[PDB]
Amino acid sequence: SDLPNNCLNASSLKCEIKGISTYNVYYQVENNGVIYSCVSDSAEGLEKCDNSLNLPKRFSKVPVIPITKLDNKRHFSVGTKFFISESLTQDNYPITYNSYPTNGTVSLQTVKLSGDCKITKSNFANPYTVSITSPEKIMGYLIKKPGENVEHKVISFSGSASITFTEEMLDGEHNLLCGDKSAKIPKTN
């Protein structure tokens, strides 16, 4: 069969997850001798798969893209995700990515939020409240001091949302990441 019709019956057939990232899972399955490598953004039906212990109930579906400038990582990182990459030894295996089949290998890269998100200053609430709006179905934001471990703090929102800043965020170091954007949260005493 085709992997994108075979990698979905994980519950049915013997499966084994190989890697759990911040935003998708890499698992394979065995259907009558054949082995099917594949990656998905949905944890539905991967509990009878071997190595499911650290699997989250849900995977954040925000828009994410790999980070290419290694300096930007400490500031823009919001976790890791799995991606299809070309094999260096010219031996790509067949792997299905989010129900899309292709030949390649699987690699885990650090990622950053991406997409169109507009960040304005609110008027209804206190001076430390902002209004983030995005045209895409689901957009992620994250308040992060550069170098913090807050990979699961990525909040998702459809349409618009509002964020009142807390005092611990109000030092000049914290930055608001929303898709392609990064705004400094001003220091105010």
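In this text, residue numbers run from 1 along the sequence as written.
Per the entry, higher mean C-alpha B factor between 11 to 19 and 171 to 179: 11 to 19 has the higher mean C-alpha B-factor.
Stretch with the higher entry mean CA B-factor, where the candidates are 39 to 47 and 140 to 148: Result: 39 to 47.
Highest recorded Cα temperature factor - choice among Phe124, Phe157, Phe59, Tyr26: Comparing C-alpha B-factors across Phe124, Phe157, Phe59, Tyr26, the maximum falls on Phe124.
Largest Cα B-factor, entry values, listed residues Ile132, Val64, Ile67, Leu53: Of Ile132, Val64, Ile67, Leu53, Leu53 has the highest C-alpha B-factor.
Among modelled residues of the same chain, the CA temperature factor third for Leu88: Answer is highest: the recorded C-alpha B-factor places it there.
Ranked C-alpha temperature factor of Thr164 among modelled chain residues, by third: Tercile = middle for this residue's CA B-factor.
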